[PDB]
Amino acid sequence: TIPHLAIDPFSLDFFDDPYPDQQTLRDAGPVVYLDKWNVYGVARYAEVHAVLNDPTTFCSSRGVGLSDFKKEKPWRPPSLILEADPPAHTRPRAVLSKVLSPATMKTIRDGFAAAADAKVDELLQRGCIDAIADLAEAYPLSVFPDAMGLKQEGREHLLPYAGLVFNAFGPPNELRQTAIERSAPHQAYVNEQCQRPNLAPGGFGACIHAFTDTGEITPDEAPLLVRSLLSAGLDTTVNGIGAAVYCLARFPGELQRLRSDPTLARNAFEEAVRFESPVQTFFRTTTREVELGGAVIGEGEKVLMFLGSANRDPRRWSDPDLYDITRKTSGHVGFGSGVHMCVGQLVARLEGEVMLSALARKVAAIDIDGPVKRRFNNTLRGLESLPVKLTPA
Ligand code: HEM
Ligand SMILES: O=C(O)c1ccc(-c2cccs2)cc1
Ligand SMILES: [Cl-]
């Protein structure tokens, strides 16, 4: 009933160009079995969306990586939000929602926007730059650690820690094993910064600790919730902004439309999130036998969702392989869907919007002018190096 495929979605070949294999996975059926890892897979929009929106049946508390927490020990203490199901998920989620809330974005927008304009002005003085190290990495590093309230010392641990976290959702391949081998100094730094005395007043970390007297979380839960923002809050945005710049570099007609109406900046970023999907895949575990898209899956089985594939599924999207900054993007799954849908999406969209606004107002052309190099991670998609020449408007 269910087709068995040998495709390895965690292989370097797949990362280098996932799109043909994703079509093969979608077209094989609504539910496939991946023999390489003994997991079920769903690559169509319909089933990805259905799985995400049934957290009772497709739970997160057994881990959102390949590893089943009922069978193996997690590599670090489980996240109180990502790796929790309702009702345990609900109150920590509400705290992070209020910490990263629509109202909070007002307190940071002016500074985030000025830093984006400043970075684009700096890059234009150099002309030829690496849009990864010099922009996609440099911009979030210039705003997010400060908004968290982190001290300056030790910030070089943040991107390695995040890469470790996202590699650790994969199978026990070399990318994952090597990340864990190297992890001790990054875990040590990150855990220490999560303690209340190490988080500057007014930042996101201090605000999480301030919620420990309302009855929503206790003091001993706050450090792990700070850990969540230090895990998911930087490397995702690096790959999102890198994706947007890569899209504008490859589709100059869309850069021209963005220049002509900079208020398209926010949707141009959302479309980049759909088109490249910085978070490509992750898992749920079944809590019962379940029928999904006409197939029967037993209890206790890992189900791999292909978010990037769902975002390119022609059953859902017109011209899915085109980057279109005026596309109606509502419904894409690049930030997830349902109860776990990205709690930091307003921070991500703010960074992306203000960066693309700066480019729209200040840059006339973005031309790739060197070898493009991909960065390999078990669940994040993005580039290692993107040499571009920026021409001023
Ligand atoms: C372009 C940038 C980003 C992308 C593509 C992205 C993607 C996602 C996705 C797909 C999920 C759902 C995971 C699941 O259902 O298991 C998620 C959850 C989450 N994200 Fe984001 N994210 C981004 C930025 C951020 C930022 C900036 C923050 C914090 C400042 C953040 C914090 C979180 C947290 C804490 C969760 C867990 C929420 C929950 O389990 O209820 N993310 N993100
Ligand atoms: O530590 C945390 O709570 C944490 C939360 C979310 C993530 C993401 C996984 C996949 C997309 S976002 C990773 C870590
Ligand atoms: Cl840790």
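We number each residue from 1, following the sequence as shown. Basis for what follows: all heavy atoms, side chains included, without hydrogens, waters or symmetry-related copies. Indexing begins at 1, ligand by ligand and atom by atom, following the structure's order.
- Nearest protein neighbour of atom 10 (C) of ligand 2, counting heavy atoms only, is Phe166 CE2, 3.7 Å.
- Within the structure, ligand 1 has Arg284 among the residues with a heavy atom less than 4.0 angstrom away.
- A salt bridge does not link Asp17 to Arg374: none of the charged nitrogens lies less than 4.0 Å from a carboxylate oxygen.
- Between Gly334 and ligand 1 there is a heavy-atom distance shorter than 4.0 Å.
- Salt bridge annotation for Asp117-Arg361: present, with a cationic side-chain nitrogen under 4.0 angstrom from a carboxylate oxygen.
- A salt bridge between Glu271 and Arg349 is absent, with no side-chain N of the basic residue lying under 4.0 Å from a carboxylate O of the acidic one.
- Judged by distance alone, the side chain of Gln193 and the main-chain N or O of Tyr189 form a donor-acceptor pair under 3.5 Å.
- Ligand 2 places these atoms under 4.0 Å from at least one heavy atom of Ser231: 1 (O), 14 (C).
- Heavy-atom proximity to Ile81, at under 4.0 Å, picks out these atoms of ligand 2: 3 (O).
- In this structure, atom 1 (O) of ligand 2 lies nearest to the protein heavy atom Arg76 NH2, 2.9 Å.
- The cationic group of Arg316 lies under 6.0 Å from the six-membered ring centre of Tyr45 and within 45° of the ring axis, placing it in a cation-pi geometry.
- Taking a cut-off of under 4.0 Å to the non-hydrogen atoms of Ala232, the atoms of ligand 2 that pass are 5 (C), 6 (C), 7 (C).
- With respect to atom 13 (C) of ligand 1, the closest heavy atom belonging to the protein is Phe282 CZ, 3.6 Å.
- For the ligand labelled ligand 1, residue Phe144 lies inside the 4.0 Å heavy-atom shell.
- By the 4.0 Å N-to-carboxylate-O rule, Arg288 lies too far from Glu301 to be salt-bridged with it.
- Under 4.0 angstrom from ligand 1, there are no non-hydrogen atoms of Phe204.
- Atoms of ligand 1 lying under 4.0 Å from any heavy atom of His89, numbered from 1 in the order shown and given with element: 39 (C), 40 (O), 41 (O).
- A donor-acceptor contact shorter than 3.5 Å links the side chain of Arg155 to the backbone of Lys151.
- Note: an N/O pair closer than 3.5 Å links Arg93 and ligand 1 by distance alone.
- For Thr104, the side chain to side chain contact (heavy atoms under 4.5 Å, CB included) test picks out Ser101, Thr107, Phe204, with sequence neighbours left out.
- The shortest N or O to N or O distance between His340 and ligand 1 is below 3.5 Å.
- A salt bridge links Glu276 with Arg250: at least one charged nitrogen is closer than 4.0 Å to a carboxylate oxygen.
- Checking only distances, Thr237 never comes within under 3.5 Å of ligand 1, N or O to N or O.
- Within the 4.0 Å heavy-atom cutoff, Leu307 counts among the residues contacting ligand 1.
- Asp367 has no carboxylate O lying under 4.0 Å from a charged side-chain N of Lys389, or vice versa, which leaves the two without a salt bridge.
- The ring-ring contact (aromatic ring centres under 6.0 Å, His included) with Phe275 is formed by just one residue from the set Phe251, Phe269, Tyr246; it is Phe251.
- Geometric assessment of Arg312 against the ring of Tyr19 yields a positive cation-pi assignment under the 6.0 Å and 45° thresholds.
- In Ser228, the parts holding a heavy atom less than 4.0 Å from any atom of ligand 2 are both the side chain and the backbone.
- Taking the charged nitrogens against the carboxylate oxygens, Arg315 and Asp27 do have a contact shorter than 4.0 Å, which makes a salt bridge.
- The protein atom (non-hydrogen) at minimum distance from atom 14 (C) of ligand 2 is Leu82 CD2, 3.7 Å.
- Between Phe10 and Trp37, the two ring planes are perpendicular [angle over 60°; tilted spans 30° to 60°].
- Taking every non-hydrogen atom of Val279 and a distance limit under 4.0 Å, the qualifying atoms of ligand 2 come out as 10 (C), 11 (C).
- For atom 21 (Fe) of ligand 1, the count of nearby protein N/O/S atoms, taking only those under 2.8 Å, is 1.
- Ring planes of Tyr40 and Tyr33: perpendicular class, angle over 60° (limits at 30 and 60°).
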